[PDB]
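Asks: Dumping the structure here so I can ask a few things about it.
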Amino acid sequence: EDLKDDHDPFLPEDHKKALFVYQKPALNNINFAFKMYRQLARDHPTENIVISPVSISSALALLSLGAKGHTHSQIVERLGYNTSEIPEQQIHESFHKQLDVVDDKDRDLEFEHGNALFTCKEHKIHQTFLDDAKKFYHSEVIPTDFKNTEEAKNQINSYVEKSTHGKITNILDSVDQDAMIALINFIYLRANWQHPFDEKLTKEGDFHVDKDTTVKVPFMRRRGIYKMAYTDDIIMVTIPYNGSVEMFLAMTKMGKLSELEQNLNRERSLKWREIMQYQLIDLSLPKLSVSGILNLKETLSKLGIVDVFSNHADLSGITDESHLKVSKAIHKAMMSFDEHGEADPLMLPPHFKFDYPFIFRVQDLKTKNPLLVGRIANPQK
Ligand SMILES: C=CC1=C(C)/C(=C/c2[nH]c(/C=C3N=C(/C=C4\NC(=O)C(C)=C4C=C)C(C)=C\3CCC(=O)O)c(CCC(=O)O)c2C)NC1=O
């Protein structure tokens with residue numbers, strides 16, 4: 001052992017970690033995210049998609065607190081929960097914990113979230129629903145007058161503006177004068193890179209919207225070690241944020257993204273997780289500020305959640321109005337990419353440039369819940 005060094009000086013950093021342990025609520029929310037995104041990707045073929053699956057699941061679980069009978073059990077089941085395995089109050093506790101761990105400010109996270117139910121002023125909301133909506137979901141039930149449509153538009157939008165600190169200024173264009181309950185759910189996420197980008201290295205480049213459409217956007221560029229994988233047909237990278245959150249990105253050749261989106265599930269995700277390795281790469285990301293607005297009635301109905309939006313909804317846990325139903329259900333999510341949320345290598349590293357339509361997934365590493373997923377089809381909205 002006449003070795004020049006007592007340890008191999010070329011060996012890269014060790015990156016082993018313990019096995020990801022999952023709680024059953026997180027697994028249900030993860031599988032619901034896949035189911036919902038695949039359908040959304042079918043129904044909106046060309047646009048940007050930005051949704052928070054855990055926040056949609058949370059809003060419906062809150063709605064189930066005010067539901068009874070088949071209306072209640074259908075929501076719980078279609079969210080992926082089996083009440084023969086999980087007591088119902090552990091579901092509400094799990095969504096409560098997710099709010100607390102994200103709102104923990106010793107955690108460095110720029111994740112603003114909000115959920116509110118706007119109801120008719122002339123009807124009294126049950127106190128037990130008011131109590132649990134505030135306790136478990138930090139959600140307000142706000143009286144409104146929908147017969148005067150224009151004040152509700154300004155009021156709902158101003159509420160969203162206030163709770164997002166002006167980041168989401170508009171969520172509702174108009175509301176029917178016969179509305180009973182309006183579910184309003186919104187998310188803003190700014191990527192707070194664990195390793196920020198240098199603004200000096202940001203350059204304008206081509207983003208290819210489709211086989212014949214190209215737009216000019218600023219591209220951030222950084223050289224570093226990232227967990228990655230690539231073939232001739234796909235590249236994928238995991239980018240850590242601060243505060244125990246990681247963003248996964250995947251990109252295919254032009255026009256093949258749909259083939260990827262319609263094949264996503266957890267089992268295939270875990271297989272790719274084992275293939276990916278930490279490698280030195282050049283990473284190019286478009287500067288970006290993209291929005292997605294979701295009509296939750298049409299989307300959730302295709303997923304089997306129908307009663308709560310129907311003329312036979314049993315929402316007597318909220319109010320004793322005869323035919324109370326959720327008339328409007330909106331989910332708006334915003335995501336922003338900016339810069340701040342050395343000798344030459346022997347070989348030029350592979351350049352992971354995301355200048356083609358790509359999909360993204362933001363995951364809370366403490367809970368494993370999907371905080372945000374979607375598709376960047378055009379970083380210019
Ligand atoms: C068929 C190919 C296929 C690929 C390439 C794939 C990749 C993939 N998905 C993952 C996780 C994940 N992927 C998602 C979800 C999504 N992923 C998205 O990019 C989008 C838009 C969604 C939409 C719902 C979720 C929820 C996880 C976490 C799964 C878990 O931790 O159990 C990971 C792990 C990332 C990491 O550990 O750092 C990879 C590699 N998934 C697949 O099924």
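Letters for chains follow the order of the structure tokens (A, B, ...), residue numbers begin at 1 for each chain, and ligand numbers begin at 1 in the order shown.
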Find the residues near residue 249 in chain A: any atom within 7 Å, counting only C-alpha atoms, skip ones fewer than 2 places away on the same chain, and give them as a list in words.
Replies: residues 236, 237, 238, 247, 251, 358, 359, 360 and 361 of chain A
Asks: How would you write, as an MDAnalysis selection string, the set of residues no farther than 7 Å from ligand 1 when counting only C-alpha atoms and all ligand atoms?
Replies: chainID A and resid 27 30 33:34 37 227 236 238 246 248:250 260:261 263:270 272:273 276 359:361 363 368 370 373:375
Asks: Contacts of range 299-315 of chain A at 9 Å or less, counting only C-alpha atoms, minus same-chain residues fewer than 6 places along, as a ChimeraX atom specification?
Replies: /A:35-36,39-40,43,63-72,74-75,78-79,321,323-329
Asks: Got a sec to tell me which of range 25-216 of chain A DSSP assigns to alpha helix (DSSP H), as a ChimeraX atom specification?
Replies: /A:25-43,53-65,69-78,88-103,127-137,149-163
Asks: Fewer than 3 positions away in the same chain doesn't count, so skip those; otherwise give me all residues within 9 Å of residue 188 in chain A, counting only C-alpha atoms, as a tab-separated table (two decimals) with C-alpha atoms, in the first residue's frame.
Replies:
```tsv
chain	number	residue	atom	x	y	z
A	110	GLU	CA	-41.60	30.69	-0.86
A	111	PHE	CA	-44.86	28.75	-1.18
A	112	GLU	CA	-47.98	30.90	-0.76
A	113	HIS	CA	-51.29	29.04	-0.59
A	164	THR	CA	-51.13	36.18	-2.17
A	167	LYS	CA	-48.91	37.74	-6.76
A	168	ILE	CA	-52.28	36.42	-7.96
A	332	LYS	CA	-55.27	28.85	-10.01
A	333	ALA	CA	-51.55	28.13	-9.66
A	334	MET	CA	-48.55	30.30	-10.50
A	335	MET	CA	-44.88	29.33	-10.76
A	336	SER	CA	-41.92	31.68	-11.23
```
Asks: Mind pulling up the distance from CA of residue 61 in chain A to CA of residue 84 in chain A?
Replies: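 Result for CA of residue 84 in chain A versus CA of residue 61 in chain A: 16.6 Å, one decimal.
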Asks: Which of these, A:223, A:381, A:366, A:42, has the shortest distance to residue 343 in chain A once you count only C-alpha atoms?
Replies: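 Looking only at the distances to residue 343 in chain A, the closest residue turns out to be A:223.
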Asks: Could you name the residues that touch residue 95 in chain A at 9 Å or less, counting only C-alpha atoms, but leaving out those on the same chain fewer than 6 positions away, as a VMD selection string?
Replies: chain A and resid 25 54 to 55 57 to 58 61 136 to 137
Asks: Limited to N, CA and C atoms, could you put the picked residues into a file as a short mmCIF file (atom, residue, chain, number, x, y, z; two decimals), in the first residue's frame?
Replies:
```
data_model
loop_
_atom_site.label_atom_id
_atom_site.label_comp_id
_atom_site.auth_asym_id
_atom_site.auth_seq_id
_atom_site.Cartn_x
_atom_site.Cartn_y
_atom_site.Cartn_z
N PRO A 25 -51.44 8.56 3.64
CA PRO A 25 -52.03 9.76 3.00
C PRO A 25 -51.20 10.30 1.86
N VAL A 54 -51.75 18.42 -4.17
CA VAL A 54 -52.05 18.29 -2.75
C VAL A 54 -53.03 19.37 -2.30
N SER A 55 -52.99 20.54 -2.94
CA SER A 55 -53.92 21.61 -2.56
C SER A 55 -55.32 21.33 -3.08
N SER A 57 -56.50 18.19 -3.51
CA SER A 57 -56.94 17.15 -2.58
C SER A 57 -57.37 17.75 -1.25
N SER A 58 -56.61 18.73 -0.76
CA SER A 58 -56.94 19.38 0.51
C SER A 58 -58.30 20.06 0.44
N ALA A 61 -61.07 17.46 0.52
CA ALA A 61 -61.18 16.86 1.85
C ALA A 61 -61.87 17.82 2.82
N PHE A 136 -58.58 22.63 10.82
CA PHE A 136 -57.86 21.63 10.05
C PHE A 136 -57.29 22.18 8.75
N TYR A 137 -57.93 23.19 8.15
CA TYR A 137 -57.56 23.63 6.81
C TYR A 137 -57.23 25.11 6.71
#
```
Asks: Rank A:258, A:163, A:380, A:73 by their smallest atom-to-atom distance to residue 45 in chain A, using only C-alpha atoms, and report the top residue only.
Replies: A:258
Asks: Using only C-alpha atoms, which protein or nucleic acid residues come within 9 Å of residue 124 in chain A? Drop anything in the same chain fewer than 4 positions from it, and give the result as a list in words.
Replies: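 Answer for this query is residues 120, 143, 318, 319, 320 and 321 of chain A.
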Asks: Write the residues of the selection above to a file with N, CA and C atoms, as a JSON list (two decimals), in the first residue's frame.
Replies:
```json
[["chain", "number", "residue", "atom", "x", "y", "z"],
["A", 120, "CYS", "N", -73.54, 32.18, 0.31],
["A", 120, "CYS", "CA", -74.59, 33.19, 0.30],
["A", 120, "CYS", "C", -74.73, 33.82, 1.68],
["A", 143, "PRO", "N", -69.19, 35.07, 3.84],
["A", 143, "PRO", "CA", -70.50, 35.41, 3.27],
["A", 143, "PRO", "C", -70.37, 36.37, 2.10],
["A", 318, "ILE", "N", -72.72, 22.02, 6.02],
["A", 318, "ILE", "CA", -72.38, 23.43, 5.87],
["A", 318, "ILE", "C", -73.57, 24.33, 6.19],
["A", 319, "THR", "N", -74.70, 24.10, 5.53],
["A", 319, "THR", "CA", -75.91, 24.87, 5.75],
["A", 319, "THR", "C", -77.10, 23.96, 5.50],
["A", 320, "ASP", "N", -78.23, 24.29, 6.13],
["A", 320, "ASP", "CA", -79.47, 23.55, 5.95],
["A", 320, "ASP", "C", -80.29, 24.06, 4.77],
["A", 321, "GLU", "N", -79.68, 24.78, 3.83],
["A", 321, "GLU", "CA", -80.37, 25.14, 2.60],
["A", 321, "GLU", "C", -80.73, 23.88, 1.83]]
```
Asks: Between A:291, A:119, A:31, A:213, which is the closest to residue 179 in chain A once you count only C-alpha atoms?
Replies: A:119
